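Peer 1: This is the content of input_20.cif (mmCIF, N, CA and C atoms and all ligand atoms):
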```cif
data_coords
loop_
_atom_site.label_atom_id
_atom_site.label_comp_id
_atom_site.auth_asym_id
_atom_site.auth_seq_id
_atom_site.Cartn_x
_atom_site.Cartn_y
_atom_site.Cartn_z
N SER A 22 -10.66 36.52 -64.19
CA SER A 22 -10.76 36.59 -65.66
C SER A 22 -9.44 37.08 -66.23
N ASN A 23 -9.13 36.75 -67.51
CA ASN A 23 -7.91 37.26 -68.19
C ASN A 23 -7.99 38.79 -68.20
N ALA A 24 -9.20 39.32 -68.38
CA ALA A 24 -9.35 40.79 -68.41
C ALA A 24 -8.91 41.41 -67.10
N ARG A 25 -9.41 40.89 -65.97
CA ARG A 25 -9.08 41.47 -64.67
C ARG A 25 -7.62 41.24 -64.30
N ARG A 26 -7.03 40.13 -64.69
CA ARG A 26 -5.61 39.98 -64.45
C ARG A 26 -4.84 41.05 -65.23
N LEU A 27 -5.23 41.27 -66.50
CA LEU A 27 -4.55 42.27 -67.34
C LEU A 27 -4.70 43.64 -66.72
N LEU A 28 -5.92 43.98 -66.31
CA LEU A 28 -6.14 45.30 -65.74
C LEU A 28 -5.22 45.51 -64.53
N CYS A 29 -5.06 44.46 -63.72
CA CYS A 29 -4.21 44.55 -62.54
C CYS A 29 -2.73 44.71 -62.90
N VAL A 30 -2.27 43.95 -63.91
CA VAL A 30 -0.89 44.11 -64.37
C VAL A 30 -0.64 45.54 -64.85
N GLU A 31 -1.57 46.06 -65.66
CA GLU A 31 -1.39 47.40 -66.21
C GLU A 31 -1.42 48.45 -65.10
N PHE A 32 -2.37 48.33 -64.18
CA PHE A 32 -2.42 49.26 -63.06
C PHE A 32 -1.10 49.25 -62.30
N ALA A 33 -0.63 48.05 -61.93
CA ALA A 33 0.57 47.94 -61.12
C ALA A 33 1.79 48.50 -61.83
N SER A 34 1.84 48.39 -63.14
CA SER A 34 2.92 48.95 -63.94
C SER A 34 2.88 50.48 -63.95
N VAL A 35 1.72 51.08 -64.23
CA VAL A 35 1.60 52.53 -64.27
C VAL A 35 1.83 53.16 -62.91
N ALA A 36 1.27 52.53 -61.88
CA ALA A 36 1.37 53.03 -60.52
C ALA A 36 2.68 52.63 -59.83
N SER A 37 3.44 51.71 -60.43
CA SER A 37 4.60 51.11 -59.78
C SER A 37 4.28 50.72 -58.34
N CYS A 38 3.28 49.86 -58.22
CA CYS A 38 2.80 49.43 -56.92
C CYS A 38 2.68 47.91 -56.93
N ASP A 39 2.47 47.32 -55.76
CA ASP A 39 2.33 45.87 -55.74
C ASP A 39 0.94 45.44 -56.20
N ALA A 40 0.85 44.16 -56.47
CA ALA A 40 -0.33 43.61 -57.07
C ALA A 40 -1.54 43.67 -56.17
N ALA A 41 -1.34 43.49 -54.86
CA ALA A 41 -2.47 43.51 -53.94
C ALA A 41 -3.09 44.90 -53.87
N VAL A 42 -2.26 45.92 -53.77
CA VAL A 42 -2.74 47.29 -53.77
C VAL A 42 -3.48 47.58 -55.07
N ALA A 43 -2.86 47.23 -56.19
CA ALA A 43 -3.48 47.47 -57.50
C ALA A 43 -4.85 46.81 -57.57
N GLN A 44 -4.90 45.53 -57.17
CA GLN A 44 -6.12 44.78 -57.34
C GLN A 44 -7.25 45.36 -56.48
N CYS A 45 -6.91 45.80 -55.27
CA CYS A 45 -7.93 46.33 -54.38
C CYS A 45 -8.39 47.73 -54.83
N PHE A 46 -7.49 48.56 -55.37
CA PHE A 46 -7.95 49.80 -55.99
C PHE A 46 -8.94 49.47 -57.11
N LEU A 47 -8.64 48.47 -57.92
CA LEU A 47 -9.55 48.09 -58.99
C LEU A 47 -10.88 47.62 -58.42
N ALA A 48 -10.86 46.64 -57.52
CA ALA A 48 -12.10 46.04 -57.05
C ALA A 48 -13.00 47.08 -56.38
N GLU A 49 -12.41 48.02 -55.67
CA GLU A 49 -13.15 49.05 -54.92
C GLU A 49 -13.70 50.16 -55.82
N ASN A 50 -13.26 50.19 -57.08
CA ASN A 50 -13.74 51.11 -58.09
C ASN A 50 -14.42 50.36 -59.24
N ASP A 51 -15.12 49.28 -58.89
CA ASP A 51 -15.94 48.54 -59.81
C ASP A 51 -15.14 48.00 -61.01
N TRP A 52 -13.87 47.71 -60.76
CA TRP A 52 -12.96 47.17 -61.76
C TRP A 52 -12.73 48.12 -62.94
N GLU A 53 -12.89 49.41 -62.70
CA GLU A 53 -12.71 50.44 -63.72
C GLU A 53 -11.30 51.03 -63.56
N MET A 54 -10.40 50.65 -64.47
CA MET A 54 -8.98 50.90 -64.29
C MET A 54 -8.58 52.38 -64.33
N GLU A 55 -9.04 53.14 -65.34
CA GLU A 55 -8.65 54.54 -65.40
C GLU A 55 -9.18 55.30 -64.18
N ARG A 56 -10.43 55.03 -63.80
CA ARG A 56 -10.99 55.60 -62.58
C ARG A 56 -10.13 55.24 -61.36
N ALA A 57 -9.76 53.97 -61.26
CA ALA A 57 -8.95 53.52 -60.11
C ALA A 57 -7.59 54.21 -60.09
N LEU A 58 -6.95 54.39 -61.25
CA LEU A 58 -5.66 55.07 -61.30
C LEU A 58 -5.79 56.53 -60.93
N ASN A 59 -6.86 57.20 -61.35
CA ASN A 59 -7.09 58.55 -60.88
C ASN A 59 -7.10 58.60 -59.35
N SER A 60 -7.81 57.64 -58.73
CA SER A 60 -7.87 57.61 -57.27
C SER A 60 -6.49 57.40 -56.65
N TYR A 61 -5.70 56.50 -57.24
CA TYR A 61 -4.36 56.25 -56.74
C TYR A 61 -3.52 57.51 -56.71
N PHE A 62 -3.60 58.33 -57.77
CA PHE A 62 -2.74 59.49 -57.93
C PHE A 62 -3.26 60.77 -57.32
N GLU A 63 -4.52 60.83 -56.96
CA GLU A 63 -5.06 62.06 -56.37
C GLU A 63 -4.47 62.18 -54.95
N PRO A 64 -3.78 63.28 -54.67
CA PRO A 64 -3.05 63.34 -53.40
C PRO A 64 -3.94 63.27 -52.16
N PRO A 65 -3.48 62.65 -51.06
CA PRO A 65 -4.28 62.69 -49.83
C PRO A 65 -4.18 64.07 -49.22
N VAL A 66 -5.21 64.47 -48.48
CA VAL A 66 -5.19 65.81 -47.90
C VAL A 66 -5.74 65.83 -46.48
N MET B 1 15.01 66.53 -77.87
CA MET B 1 14.94 65.04 -77.77
C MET B 1 13.50 64.63 -77.90
N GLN B 2 13.30 63.37 -78.23
CA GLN B 2 11.95 62.83 -78.25
C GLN B 2 11.68 62.11 -76.94
N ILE B 3 10.47 62.31 -76.42
CA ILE B 3 9.90 61.45 -75.41
C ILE B 3 8.57 60.95 -75.94
N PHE B 4 8.09 59.90 -75.30
CA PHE B 4 6.84 59.25 -75.70
C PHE B 4 5.85 59.39 -74.57
N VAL B 5 4.60 59.64 -74.92
CA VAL B 5 3.52 59.71 -73.95
C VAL B 5 2.50 58.65 -74.37
N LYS B 6 2.29 57.67 -73.51
CA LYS B 6 1.42 56.53 -73.82
C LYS B 6 0.13 56.67 -73.05
N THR B 7 -0.98 56.73 -73.78
CA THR B 7 -2.28 56.78 -73.14
C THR B 7 -2.69 55.38 -72.68
N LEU B 8 -3.73 55.32 -71.84
CA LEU B 8 -4.24 54.02 -71.41
C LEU B 8 -5.05 53.32 -72.52
N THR B 9 -5.36 54.03 -73.59
CA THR B 9 -5.96 53.49 -74.80
C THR B 9 -4.93 52.97 -75.78
N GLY B 10 -3.66 52.98 -75.38
CA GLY B 10 -2.61 52.37 -76.16
C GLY B 10 -2.04 53.21 -77.28
N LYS B 11 -2.29 54.51 -77.22
CA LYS B 11 -1.80 55.46 -78.21
C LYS B 11 -0.50 56.07 -77.73
N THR B 12 0.50 56.08 -78.60
CA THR B 12 1.77 56.69 -78.27
C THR B 12 1.88 58.03 -78.99
N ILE B 13 2.07 59.07 -78.20
CA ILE B 13 2.24 60.44 -78.65
C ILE B 13 3.74 60.76 -78.58
N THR B 14 4.36 61.16 -79.66
CA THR B 14 5.76 61.54 -79.66
C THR B 14 5.87 63.05 -79.50
N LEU B 15 6.69 63.51 -78.57
CA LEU B 15 6.91 64.92 -78.32
C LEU B 15 8.37 65.26 -78.49
N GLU B 16 8.63 66.50 -78.92
CA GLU B 16 9.97 67.06 -79.04
C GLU B 16 10.13 68.08 -77.91
N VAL B 17 11.03 67.79 -76.99
CA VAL B 17 11.17 68.51 -75.74
C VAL B 17 12.63 68.71 -75.40
N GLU B 18 12.89 69.59 -74.45
CA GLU B 18 14.22 69.73 -73.83
C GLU B 18 14.12 69.33 -72.36
N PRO B 19 15.22 68.78 -71.75
CA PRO B 19 15.19 68.43 -70.32
C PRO B 19 14.71 69.54 -69.42
N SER B 20 15.01 70.79 -69.78
CA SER B 20 14.63 71.91 -68.99
C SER B 20 13.15 72.33 -69.10
N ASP B 21 12.39 71.70 -70.01
CA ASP B 21 10.99 72.04 -70.17
C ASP B 21 10.20 71.61 -68.89
N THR B 22 9.21 72.43 -68.51
CA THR B 22 8.31 72.13 -67.40
C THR B 22 7.22 71.14 -67.78
N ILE B 23 6.66 70.50 -66.77
CA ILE B 23 5.54 69.61 -66.98
C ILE B 23 4.35 70.36 -67.60
N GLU B 24 4.11 71.60 -67.16
CA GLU B 24 3.08 72.45 -67.77
C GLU B 24 3.34 72.62 -69.26
N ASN B 25 4.60 72.83 -69.63
CA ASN B 25 4.95 72.90 -71.04
C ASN B 25 4.56 71.63 -71.79
N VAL B 26 4.92 70.49 -71.22
CA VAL B 26 4.65 69.21 -71.83
C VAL B 26 3.14 68.99 -72.03
N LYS B 27 2.35 69.31 -71.02
CA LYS B 27 0.89 69.16 -71.13
C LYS B 27 0.35 70.04 -72.27
N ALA B 28 0.90 71.24 -72.42
CA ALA B 28 0.48 72.13 -73.52
C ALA B 28 0.83 71.53 -74.87
N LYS B 29 2.01 70.90 -74.98
CA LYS B 29 2.41 70.21 -76.19
C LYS B 29 1.42 69.10 -76.53
N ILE B 30 1.00 68.35 -75.51
CA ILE B 30 0.02 67.28 -75.72
C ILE B 30 -1.32 67.86 -76.21
N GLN B 31 -1.73 68.97 -75.61
CA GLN B 31 -2.95 69.63 -76.11
C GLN B 31 -2.77 70.04 -77.57
N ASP B 32 -1.61 70.59 -77.92
CA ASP B 32 -1.39 71.02 -79.29
C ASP B 32 -1.53 69.87 -80.27
N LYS B 33 -0.95 68.72 -79.94
CA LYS B 33 -0.86 67.64 -80.89
C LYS B 33 -2.06 66.70 -80.90
N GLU B 34 -2.76 66.63 -79.78
CA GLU B 34 -3.86 65.69 -79.60
C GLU B 34 -5.19 66.33 -79.25
N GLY B 35 -5.17 67.52 -78.66
CA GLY B 35 -6.39 68.20 -78.28
C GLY B 35 -6.87 67.94 -76.87
N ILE B 36 -6.08 67.23 -76.07
CA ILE B 36 -6.47 66.87 -74.72
C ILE B 36 -6.22 68.06 -73.80
N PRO B 37 -7.24 68.56 -73.10
CA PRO B 37 -7.01 69.72 -72.23
C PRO B 37 -6.00 69.42 -71.12
N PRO B 38 -5.08 70.35 -70.83
CA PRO B 38 -4.13 70.11 -69.73
C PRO B 38 -4.78 69.76 -68.41
N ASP B 39 -5.92 70.34 -68.10
CA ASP B 39 -6.55 70.09 -66.81
C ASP B 39 -7.12 68.67 -66.71
N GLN B 40 -7.21 67.95 -67.83
CA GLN B 40 -7.64 66.58 -67.81
C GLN B 40 -6.47 65.62 -67.58
N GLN B 41 -5.26 66.10 -67.79
CA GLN B 41 -4.10 65.22 -67.90
C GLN B 41 -3.45 64.97 -66.54
N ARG B 42 -3.17 63.70 -66.27
CA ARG B 42 -2.24 63.30 -65.21
C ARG B 42 -1.09 62.58 -65.91
N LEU B 43 0.10 63.18 -65.85
CA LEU B 43 1.29 62.55 -66.42
C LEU B 43 2.01 61.80 -65.31
N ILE B 44 2.36 60.55 -65.61
CA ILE B 44 2.95 59.64 -64.63
C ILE B 44 4.29 59.14 -65.15
N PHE B 45 5.28 59.08 -64.25
CA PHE B 45 6.58 58.50 -64.59
C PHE B 45 7.12 57.84 -63.35
N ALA B 46 7.62 56.62 -63.47
CA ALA B 46 8.21 55.91 -62.33
C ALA B 46 7.20 55.83 -61.17
N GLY B 47 5.91 55.69 -61.51
CA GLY B 47 4.85 55.52 -60.54
C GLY B 47 4.45 56.76 -59.77
N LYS B 48 4.89 57.95 -60.22
CA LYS B 48 4.60 59.20 -59.56
C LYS B 48 3.93 60.16 -60.53
N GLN B 49 2.96 60.90 -60.02
CA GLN B 49 2.33 61.96 -60.80
C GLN B 49 3.25 63.16 -60.85
N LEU B 50 3.44 63.69 -62.04
CA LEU B 50 4.34 64.80 -62.29
C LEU B 50 3.62 66.12 -62.02
N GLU B 51 4.35 67.03 -61.38
CA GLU B 51 3.85 68.35 -60.98
C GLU B 51 4.17 69.41 -62.04
N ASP B 52 3.18 70.25 -62.35
CA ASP B 52 3.27 71.21 -63.43
C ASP B 52 4.51 72.10 -63.41
N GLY B 53 4.92 72.52 -62.22
CA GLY B 53 6.00 73.48 -62.09
C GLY B 53 7.40 72.90 -62.15
N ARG B 54 7.51 71.57 -62.06
CA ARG B 54 8.81 70.91 -62.14
C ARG B 54 9.21 70.69 -63.61
N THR B 55 10.46 70.23 -63.82
CA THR B 55 10.97 69.96 -65.15
C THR B 55 11.15 68.47 -65.43
N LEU B 56 11.31 68.14 -66.70
CA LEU B 56 11.69 66.79 -67.07
C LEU B 56 12.98 66.35 -66.36
N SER B 57 13.96 67.27 -66.31
CA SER B 57 15.20 66.99 -65.57
C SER B 57 14.95 66.66 -64.11
N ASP B 58 14.06 67.37 -63.43
CA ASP B 58 13.76 67.12 -62.04
C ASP B 58 13.38 65.66 -61.80
N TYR B 59 12.71 65.05 -62.78
CA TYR B 59 12.27 63.66 -62.68
C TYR B 59 13.20 62.65 -63.38
N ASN B 60 14.35 63.12 -63.87
CA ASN B 60 15.25 62.29 -64.69
C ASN B 60 14.48 61.54 -65.75
N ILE B 61 13.67 62.31 -66.45
CA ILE B 61 13.04 61.84 -67.67
C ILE B 61 14.03 62.08 -68.78
N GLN B 62 14.74 61.02 -69.18
CA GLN B 62 15.75 61.13 -70.21
C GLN B 62 15.12 60.92 -71.58
N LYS B 63 15.88 61.19 -72.63
CA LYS B 63 15.39 61.00 -73.98
C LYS B 63 14.85 59.57 -74.17
N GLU B 64 13.76 59.48 -74.92
CA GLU B 64 13.11 58.22 -75.28
C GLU B 64 12.38 57.54 -74.11
N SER B 65 12.34 58.23 -72.97
CA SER B 65 11.46 57.83 -71.87
C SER B 65 10.03 57.78 -72.36
N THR B 66 9.25 56.95 -71.69
CA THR B 66 7.80 56.94 -71.82
C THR B 66 7.13 57.47 -70.54
N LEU B 67 6.27 58.47 -70.71
CA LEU B 67 5.36 58.92 -69.67
C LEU B 67 4.04 58.17 -69.90
N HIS B 68 3.27 57.94 -68.84
CA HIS B 68 1.90 57.47 -68.99
C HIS B 68 0.96 58.66 -68.82
N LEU B 69 -0.08 58.69 -69.64
CA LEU B 69 -1.12 59.72 -69.55
C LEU B 69 -2.41 59.08 -69.07
N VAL B 70 -2.78 59.41 -67.83
CA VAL B 70 -4.04 59.02 -67.21
C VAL B 70 -4.96 60.22 -67.32
N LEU B 71 -6.18 60.02 -67.82
CA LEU B 71 -7.12 61.13 -67.99
C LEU B 71 -8.11 61.15 -66.85
N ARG B 72 -8.36 62.33 -66.32
CA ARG B 72 -9.45 62.53 -65.39
C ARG B 72 -10.78 62.25 -66.12
N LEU B 73 -11.73 61.71 -65.38
CA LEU B 73 -13.03 61.28 -65.90
C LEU B 73 -14.12 62.14 -65.20
N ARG B 74 -14.65 63.05 -66.10
CA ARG B 74 -15.61 64.01 -65.59
C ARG B 74 -16.85 63.98 -66.46
N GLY B 75 -17.67 64.55 -65.71
CA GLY B 75 -18.86 64.81 -66.47
C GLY B 75 -19.18 63.71 -67.45
N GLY B 76 -20.14 63.99 -68.31
CA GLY B 76 -20.55 63.12 -69.38
C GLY B 76 -21.43 62.03 -68.89
K K A 101 -4.21 58.50 -53.53
K K A 102 3.83 54.52 -56.80
#
```
Kindly return the structure encoded in the file as structure tokens.
Peer 2:
Amino acid sequence: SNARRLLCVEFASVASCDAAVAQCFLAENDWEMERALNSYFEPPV
Amino acid sequence: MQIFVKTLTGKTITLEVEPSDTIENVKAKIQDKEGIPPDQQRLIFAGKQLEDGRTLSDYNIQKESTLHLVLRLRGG
């Protein structure tokens, strides 16, 4: 969808990451972008 | 100098800061102007989350830079 492509572009821009990583963070978080970005930035421990 | 903080809702917050200001300082400024609690805020620049104790200079956040503001999603 145009929506999911946009969400992926925006994620990849904020995260400065590649599109595959961005898209899979999105898909694995029910396509919820702010939630997915929180997951990206929460440090591993 | 002015920097810009862009939310994921497309809102641009303009802040007046010095390079030597800490990230904790910046989050407090955002709370002052917008009401967003610092503990909710993740500030991002160049694809990295900014740490409270570091400075704008530490990250080479120059004047007219844009930070991204990602909000933690709790409760509710
Ligand atoms: K992570
Ligand atoms: K990154």
Peer 1: Identify, counting only N, CA and C atoms and all ligand atoms, the protein, DNA and RNA residues located within 6.5 Å of ligand K 102 (chain A), and give them as an mmCIF file with N, CA and C atoms, keeping the file's coordinate frame.
Peer 2:
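Below is the file pocket-v1.cif, written as the result:
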```cif
data_model
loop_
_atom_site.group_PDB
_atom_site.id
_atom_site.type_symbol
_atom_site.label_atom_id
_atom_site.label_comp_id
_atom_site.auth_asym_id
_atom_site.auth_seq_id
_atom_site.Cartn_x
_atom_site.Cartn_y
_atom_site.Cartn_z
ATOM 1 N N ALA A 36 1.270 52.530 -61.880
ATOM 2 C CA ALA A 36 1.370 53.030 -60.520
ATOM 3 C C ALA A 36 2.680 52.630 -59.830
ATOM 4 N N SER A 37 3.440 51.710 -60.430
ATOM 5 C CA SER A 37 4.600 51.110 -59.780
ATOM 6 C C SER A 37 4.280 50.720 -58.340
ATOM 7 N N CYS A 38 3.280 49.860 -58.220
ATOM 8 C CA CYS A 38 2.800 49.430 -56.920
ATOM 9 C C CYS A 38 2.680 47.910 -56.930
ATOM 10 N N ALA B 46 7.620 56.620 -63.470
ATOM 11 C CA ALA B 46 8.210 55.910 -62.330
ATOM 12 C C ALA B 46 7.200 55.830 -61.170
ATOM 13 N N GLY B 47 5.910 55.690 -61.510
ATOM 14 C CA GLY B 47 4.850 55.520 -60.540
ATOM 15 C C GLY B 47 4.450 56.760 -59.770
ATOM 16 N N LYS B 48 4.890 57.950 -60.220
ATOM 17 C CA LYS B 48 4.600 59.200 -59.560
ATOM 18 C C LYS B 48 3.930 60.160 -60.530
#
```
Peer 1: Quick check: residues of chain A within 8 Å of chain B, only C-alpha atoms, returned as a list in words.
Peer 2: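 Written out as asked, the residues are residues 34, 35, 36, 37, 38, 55, 56, 58, 59 and 62 of chain A.
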Peer 1: The centre and edge lengths of an axis-aligned box containing all atoms of region 43-61 of chain A present in the file, extended by 8 Å on each side, are to be given in Å to one decimal, as JSON.
Peer 2:
```
{"center_x": -9.4, "center_y": 51.7, "center_z": -59.9, "size_x": 29.1, "size_y": 29.8, "size_z": 27.0}
```
Peer 1: List every residue of chain A that has an atom at most 7 Å from any atom of ligand K 101 (chain A), and for each one report the closest atom pair and its distance in Å to one decimal, counting all atoms listed in the file, with rows sorted by chain and then by increasing residue number, as a Markdown table.
Peer 2:
```
| residue | atom | partner | partner_atom | distance |
| --- | --- | --- | --- | --- |
| A:59 | C | A:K101 | K | 6.5 |
| A:60 | C | A:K101 | K | 4.0 |
| A:61 | C | A:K101 | K | 3.4 |
| A:62 | N | A:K101 | K | 4.3 |
| A:63 | C | A:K101 | K | 4.0 |
| A:64 | N | A:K101 | K | 4.9 |
| A:65 | N | A:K101 | K | 4.9 |
```
Peer 1: Pull the strand (DSSP E or B) assignments for chain B out of DSSP run on the backbone, and list those residues as a list in words.
Peer 2: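 Restricting chain B to strand (DSSP E or B) produces residues 2, 3, 4, 5, 6, 7, 12, 13, 14, 15, 16, 22, 41, 42, 43, 44, 45, 48, 49, 55, 66, 67, 68, 69, 70 and 71 of chain B.
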Peer 1: I'd like the neighbourhood of residue 25 (chain B) as number ranges by chain, where a residue qualifies if any of its atoms comes within 8 Å (using only N, CA and C atoms), though same-chain residues fewer than 3 positions away should be ignored.
Peer 2: B: 21-22, 28-31, 52-54
Peer 1: One decimal, Å: what's the distance from CA of residue 64 (chain B) over to CA of residue 11 (chain B), could you say?
Peer 2: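 It comes out at 15.4 Å.
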Peer 1: Got a sec: who's within 8 Å of residue 19 (chain B), counting only C-alpha atoms, leaving out chain neighbours fewer than 6 positions off, as a list in words?
Peer 2: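 Near residue 19 (chain B), the qualifying residues are residues 55, 56, 57, 61 and 62 of chain B.
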Peer 1: Can you write just those residues out, N, CA and C atoms, as a CSV table (one decimal), in the coordinates of the input?
Peer 2:
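Below is the file again_8.csv, written as the result:
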```
chain,number,residue,atom,x,y,z
B,55,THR,N,10.5,70.2,-63.8
B,55,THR,CA,11.0,70.0,-65.2
B,55,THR,C,11.2,68.5,-65.4
B,56,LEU,N,11.3,68.1,-66.7
B,56,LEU,CA,11.7,66.8,-67.1
B,56,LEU,C,13.0,66.4,-66.4
B,57,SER,N,14.0,67.3,-66.3
B,57,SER,CA,15.2,67.0,-65.6
B,57,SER,C,15.0,66.7,-64.1
B,61,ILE,N,13.7,62.3,-66.4
B,61,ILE,CA,13.0,61.8,-67.7
B,61,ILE,C,14.0,62.1,-68.8
B,62,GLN,N,14.7,61.0,-69.2
B,62,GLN,CA,15.8,61.1,-70.2
B,62,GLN,C,15.1,60.9,-71.6
```
Peer 1: Applying 5 Å and all atoms listed in the file, which residues near residue 4 (chain B) remain after dropping the ones on its own chain fewer than 6 positions away? List them as a VMD selection string.
Peer 2: chain B and resid 13 to 14 65 to 67
Peer 1: Between CA of residue 24 (chain A) and CA of residue 43 (chain A), what is the distance in Å, rounded to a tenth?
Peer 2: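 CA of residue 43 (chain A) lies 14.1 Å from CA of residue 24 (chain A).
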Peer 1: Taking the DSSP assignment computed from this structure's backbone, write out as a VMD selection string all residues of chain A that belong to alpha helix (DSSP H).
Peer 2: chain A and resid 23 to 36 40 to 49 54 to 62
